[PDB]
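All remarks here apply to the structure that follows.
Any read-out appearing in this document is the output of simple, stated calculations on the displayed coordinates, not a laboratory observation. Note that each Cβ is placed from the backbone with ideal geometry, even for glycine, and that neighbours are counted across all protein chains shown.
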Amino acid sequence: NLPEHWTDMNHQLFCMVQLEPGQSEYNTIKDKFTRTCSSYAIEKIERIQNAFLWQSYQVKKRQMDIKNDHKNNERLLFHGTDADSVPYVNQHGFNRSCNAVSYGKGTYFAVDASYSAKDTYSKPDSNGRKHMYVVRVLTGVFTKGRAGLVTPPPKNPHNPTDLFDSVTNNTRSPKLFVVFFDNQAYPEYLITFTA
Amino acid sequence: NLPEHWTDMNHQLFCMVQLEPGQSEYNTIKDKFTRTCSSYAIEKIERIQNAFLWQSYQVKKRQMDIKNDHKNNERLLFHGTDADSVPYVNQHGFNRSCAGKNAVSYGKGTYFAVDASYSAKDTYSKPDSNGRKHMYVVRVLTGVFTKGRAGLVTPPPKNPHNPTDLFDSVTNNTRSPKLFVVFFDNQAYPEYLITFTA
Ligand SMILES: Oc1ccc2c(c1)sc1nncn12
């Protein structure tokens, strides 16, 4: 049950689709980036059409909507990666087992494109190209994280197995989210850009 | 997709169901266990009915069935754990970030044994304060596998020149597999808990 904005895949399950500059989809995603990254040059934006990653994400999304009994569990975040990790993330998504981990041993997602735009995350390749994903993240109900977490803390010490969905640096004004489970993040767009 | 032999859960998402000796379900697990663990005695066997884990598991199984060529992708395997781990596993399954380092390491992931005897070692199924040991019977998507290596944090590529086309799991020995390692969430469904004692 594959989204509208996706384009036909000739019965295949995976495709990177280069967006057309000037059209609505490219303009929406470019504007999310340029809010904090208007000094960088965008070379291209690719929609990630990964049927498997999508299915697994959508299943986790329906589970978290039931669990939390409301539907505001999704946020759009950024993730800066090096050139070598791009093929893996496109095909297999984010992997905590693969950078400071101050708020737990999960995958890190930035609210601001500027945070992910740092060279330590979006590592320039030899040609100077940087890579950042626009990611759908199931942040759900979150709390402050701390070093050493391997899962989010429980929502009550009385019930140790009922967990928060993610952790953040700051609950009132978050700038990053950590998630600790595969398939809590769908990599939706890859931005190729330069300094 | 909840299987029709599961007990009704009255719109609940999790339930442990104690099995009865003399039923085929209990007896087939007992026989699988006693095959290599005849010196131990089973206290009880519970069916694990976790709606969410089962759904995420079945999605990965259908994905691996499409990906691989008519492969038998799923094995029934054993997992020894400590009493402190049973509530997390029952509710959230098997988390590689919590895995113990195995005495013979074939990668940094969750280990599953062919033989109950392996899982029955006190190192895995640690005796609780009452002398009870705990072993899961687990549906595992082993898929297409190769000999593992201690450095692995994911299964290796089938081909070094295509680094993203991966083996599903690794084993200690591909001619005679005794353990499997899996590197991803929802690639194992904890189906039964065996409580046993000396
Ligand atoms: O401590 C970290 C580690 C990784 C990381 C961040 C903070 S923000 C970000 N965007 N992409 C990757 N990352």
Here the residues within segment B:31-65 that are among the small types (G, A, S) and more than 10 Å from chain A (Cβ to nearest Cβ) are B:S38, B:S39, B:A41
So B:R47 clears everything in (1) in contact with a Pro (Cβ under 8 Å, 6 or more places away or on another chain); (2) closer than 23 Å to B:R132 by Cα except one condition, right? Which one?
(1)
Check segment A:155-167 and report whether any residue there is crowded, with 23+ Cβ neighbours inside 10 Å, within 16 Å of the ligand (Cβ to nearest atom) and not in a loop (DSSP other than H, G, I, E, B).
yes
Please count how many residues of segment A:118-134 are more than 10 Å from A:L77 (Cβ to Cβ) and more than 9 Å from the ligand (Cβ to nearest atom).
10
Residue that is surrounded by the fewest Cβ atoms within 10 Å (Cβ to Cβ), among those in segment B:66-91 that are within 13 Å of another protein chain (Cβ to nearest Cβ) and in contact with a strand residue (DSSP E or B) (Cβ under 9 Å, 6 or more places away or on another chain):
B:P87
In segment A:168-189, which residues are within 14 Å of chain B (Cβ to nearest Cβ) and within 13 Å of the ligand (Cβ to nearest atom)?
A:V178, A:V179, A:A185, A:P187
